[PDB]
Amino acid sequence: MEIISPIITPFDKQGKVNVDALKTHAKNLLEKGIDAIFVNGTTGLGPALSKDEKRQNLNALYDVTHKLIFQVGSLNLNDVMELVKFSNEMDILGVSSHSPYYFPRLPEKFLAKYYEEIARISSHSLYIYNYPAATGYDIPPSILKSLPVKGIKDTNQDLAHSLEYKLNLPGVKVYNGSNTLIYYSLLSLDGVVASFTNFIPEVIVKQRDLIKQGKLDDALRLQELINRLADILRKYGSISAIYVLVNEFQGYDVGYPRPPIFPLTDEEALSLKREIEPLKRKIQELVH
């Protein structure tokens, strides 16, 4: 059962990526038991990153590990293709893309043709990033059957949707991206790609290790706490709150997100910390 982290992109106050913080963070995550890193995913502010920023994230992380899945999507396929060609020269786990997004009512064939072009040129294993709540499209297995898909990352609250990919696409690895379904994903899929791995990696690794030991009750108790946390974060902006909590739980600075993903103000950071204190206490009690 693979624990994949959609790693955050640290930015400084002027909105420039801080690759030193990115490498520090990645090294810690691996030491805490994260198995692979998904680069430029939603949690990493993917669609907000320029082509050059996406590339530089991969270049920085490559010094830490080669277990990197490189997300390359954008609204200009020429740019996507430049990143695919760049990644062909790197020894990584695979290349990924979410679907076209923003534009409503695009014909399904547009989605098929988009992935088809990535597959025509990529020399890496193709991963599909399915996130209908973000892109407005769901990628059905029917489109995927004609593509050389190796993995699918499904950020979806319906576990049966994730399981359907497994059933319809033999040999494809499937990972669910919901923080609130981790326990279930670890009991049925190939793993998870959950954002909370950025600040509580030991908790999610512990759930996985507990499940391997047959200690499901303990892993479920941890899920309860995770879900309570998720409710609290939503109010502040989940991605933005993650930056504050990485410092709190892991002990090093990862800077700030970049607006329109506004950083928490000092006041907001303090309020978040007060709210999560009881949960942090219960987590640190069950996970040493």
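From 1 onward, residues are counted along the sequence shown.
- Look at the C-alpha B-factors of 81-89 and of 151-159. On average they run higher in 151-159.
- Mean CA temperature factor is higher for 185-193 when stretches 102-110 and 185-193 are set side by side in the entry.
- Ranking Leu222, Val244, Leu233, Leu61 by the C-alpha B-factor listed in the PDB entry places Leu222 at the top.
- Among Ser122, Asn76, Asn179, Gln71, the highest C-alpha B-factor in the deposited entry belongs to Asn179.
- Compared with the other modelled residues of the chain, the Cα B-factor recorded for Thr135 ranks in the middle third.
- Among the modelled residues of the chain, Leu286 sits in the lowest third by CA temperature factor in this PDB entry.
- Split the chain's modelled residues into thirds by C-alpha temperature factor. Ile7 is in the middle one.
- Annotation for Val19: CA B-factor lies in the highest third of the chain's modelled residues.
- In this PDB entry, the Cα temperature factor of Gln213 sits in the top third of its chain's modelled residues, the highest group.
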